[PDB]
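Sequence lines set the chain letters: A, B, ... in the order given, protein chains first and strands last, and positions in each chain run from 1. The analysis underlying the following values was restricted to heavy atoms, covering all of them including side chains, and did not include hydrogens, waters or symmetry mates.
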Amino acid sequence: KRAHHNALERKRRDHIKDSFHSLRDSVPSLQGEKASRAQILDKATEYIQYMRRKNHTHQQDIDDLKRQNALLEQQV
Amino acid sequence: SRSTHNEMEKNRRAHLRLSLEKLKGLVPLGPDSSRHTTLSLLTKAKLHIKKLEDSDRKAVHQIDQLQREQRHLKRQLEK
DNA sequence: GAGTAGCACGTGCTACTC
DNA sequence: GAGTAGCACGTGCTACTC
């Protein structure tokens, strides 16, 4: 039985390894780099915090321009 | 001896665990009692990053469109 | 040469799902 | 109970560094 248990755990580990590779490549600071699992988790965390901040800032800009425009359509 | 390598590894795994829990903190992950799997977390994080980038691209684009829309209203308002 | 870092494997538990 | 997924260990290997 151990031979088989060993083969399935190996498969399980391979899928996790592939998933680390895919997360690493979704991060614009590690893509195409030999990063350790620790570096992948830390940089992805950073990138996610960064991207959430950027998307919020842009959301604001989008509301600022919408208010500015709808108020011009009036003057027009 | 071995208790040196075995102890270093255990400490390496703990720090890696701390990085995983933190990432788990961010990312909606799941509603209610969450799951680890390590696999589900790595999967969800990737997809969430993907969503953040798609929203960025669409935000930058709408900003550009709103800006073109604004200059048109201004020039029009002239006449 | 000896120490360290990062991995990946074999293994034995828990906790299901069928 | 039989068949695993998920996980933590204890270890063995490889590649570096000085």
Side-chain angles (χ1 to χ4, degrees), chain A residues 1-9 11-70, chain B residues 1-28 30-31 35-61 63-70:
Chain A
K1 268 291 290 181
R2 294 171 193 156
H4 179 58
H5 180 212
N6 298 346
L8 295 166
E9 176 55 17
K11 304 177 184 300
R12 183 186 153 281
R13 290 203 218 74
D14 267 51
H15 300 163
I16 283 167
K17 175 180 177 58
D18 283 347
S19 296
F20 266 103
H21 297 340
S22 309
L23 178 59
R24 163 241 278 153
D25 288 332
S26 297
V27 302
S29 92
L30 288 184
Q31 182 182 56
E33 303 269 47
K34 315 183 183 182
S36 63
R37 294 185 172 198
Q39 278 165 170
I40 293 172
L41 299 184
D42 290 342
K43 273 50 215 298
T45 295
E46 171 249 288
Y47 190 53
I48 279 167
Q49 304 190 70
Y50 166 69
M51 292 301 303
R52 280 179 182 176
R53 288 191 46 167
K54 174 189 293 163
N55 286 171
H56 166 59
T57 292
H58 288 153
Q59 186 48 59
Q60 305 187 305
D61 295 349
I62 293 183
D63 294 306
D64 286 348
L65 281 38
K66 282 190 176 179
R67 71 160 89 290
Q68 297 181 305
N69 286 6
Chain B
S1 59
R2 289 148 293 301
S3 67
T4 294
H5 182 53
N6 298 175
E7 205 63 8
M8 296 198 278
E9 181 57 25
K10 181 158 201 168
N11 180 57
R12 201 184 63 70
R13 287 191 285 104
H15 280 283
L16 184 55
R17 207 171 322 192
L18 287 177
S19 297
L20 206 69
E21 288 296 331
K22 192 175 69 177
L23 182 52
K24 172 176 283 54
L26 298 173
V27 179
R35 295 189 177 184
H36 200 248
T37 329
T38 294
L39 175 65
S40 72
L41 174 54
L42 299 171
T43 294
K44 190 84 187 300
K46 179 183 77 189
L47 297 177
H48 180 65
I49 285 172
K50 254 47 185 170
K51 179 62 181 177
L52 292 173
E53 286 166 340
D54 184 75
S55 287
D56 168 40
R57 292 189 300 272
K58 297 181 181 173
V60 174
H61 185 72
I63 284 182
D64 167 285
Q65 296 306 304
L66 288 175
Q67 294 183 321
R68 295 175 193 257
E69 170 178 296
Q70 198 180 79

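- Place B:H5 and A:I16 on DNA chain D by their nearest nucleotides, and A:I16 ends up nearer the 5' end.
- Nearest to the side-chain atoms of B:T38 among the listed nucleotides D:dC7, C:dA8, C:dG10 stands D:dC7.
- Proximity note for B:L39 (side chain, C-beta onward) versus C:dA8, D:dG10, D:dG6: the nearest is D:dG6.
- Nucleotide D:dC7 holds its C1' atom 13 Å from the NZ atom of B:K24, rounded to whole Å.
- Contact annotation: B:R13 side-chain N/O to C:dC7 OP1/OP2 distance is not under 4.0 Å.
- Ion pairing between a basic and an acidic side chain is recognised when a charged N comes within 4.0 Å of a carboxylate O; B:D54 and B:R57 show such pairing.
- Comparing atom distances between the A:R2 side chain and each of D:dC9, C:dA8, C:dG12 picks out C:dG12 as nearest.
- The CD atom of B:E9 sits 10 Å away from the P atom of C:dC7 (whole-angstrom rounding).
- Residue-level contact check: B:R12 touches the bases, meaning some heavy atom is under 4.0 Å from a base atom.
- Nucleotide C:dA8 holds its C1' atom 13 Å from the CZ atom of A:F20, rounded to whole Å.
- Sparse packing is recorded around NE2 of A:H56, with 12 or fewer heavy atoms of other residues, nucleotides or ligands lying under 6.0 Å away.
- Proximity of A:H4 to the phosphate of D:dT4: a side-chain N or O atom is located under 4.0 Å from OP1 or OP2.
- The distance from atom CD1 of A:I40 to atom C1' of C:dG6 is 12 Å, rounded to the nearest whole Å.
- In this entry the distance linking CG of A:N6 with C1' of D:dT4 reads 13 Å, nearest Å.
- Taking side-chain N and O atoms only, B:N6 has no distance below 4.0 Å to OP1 or OP2 of D:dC9.
- Around atom NZ of B:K51, no more than 12 heavy atoms belonging to other residues, nucleotides or ligands sit under 6.0 Å away.
- For A:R13, counting side-chain heavy atoms from C-beta on, the closest listed nucleotide (D:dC13, C:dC9, D:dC9) is C:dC9.
- Distances shown here put a side-chain N or O of B:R17 below 4.0 Å from the OP1 or OP2 atom of D:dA8.
- You'll find that the side chain of A:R12 is closest to D:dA5, out of C:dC7, D:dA5, D:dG12.
- Comparing A:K34 and A:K1 along DNA chain D, the residue whose closest nucleotide (by nearest heavy atom) sits nearer the 5' end is A:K1.
- Rounded to an integer number of Å, the gap from NE2 of A:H15 to P of C:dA8 is 14 Å.
- To the nearest angstrom, P of D:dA8 lies 16 Å from CD of B:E7.
- Remark: B:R2 is not in phosphate contact with D:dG10, judged by side-chain N or O atoms under 4.0 Å from OP1 or OP2.
- Listed nucleotides: D:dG6, D:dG3, C:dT4. Nearest to the side chain of B:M8: C:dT4.
- Here A:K17 does not reach the OP1 or OP2 of C:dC7: none of its side-chain N or O atoms lies under 4.0 Å away.
- To the nearest 0.5 Å, the span separating NZ on B:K46 from OG on A:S22 amounts to 4.5 Å.
- For CD of B:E7, the number of neighbouring non-hydrogen atoms (other residues, nucleotides, ligands) closer than 6.0 Å is 12 at most.
- Atom CG in B:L42 sits 11.0 Å away from atom CG in A:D18 (nearest 0.5 Å).
- Of the residues near DNA chain C, B:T4 and B:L16, the one whose nearest nucleotide (by heavy atom distance) lies more toward the 5' end is B:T4.
- Per the geometry, CG belonging to B:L18 stands 12 Å off P belonging to D:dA8, to the nearest Å.
- Of the candidates D:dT4, C:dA8, D:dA8, D:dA8 carries the atom nearest the A:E9 side chain, counting heavy atoms from C-beta on.
- Base pairing analysis places C:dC16 opposite D:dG3; the two distances defining the Watson-Crick or G-U wobble pair are each below 3.5 Å.
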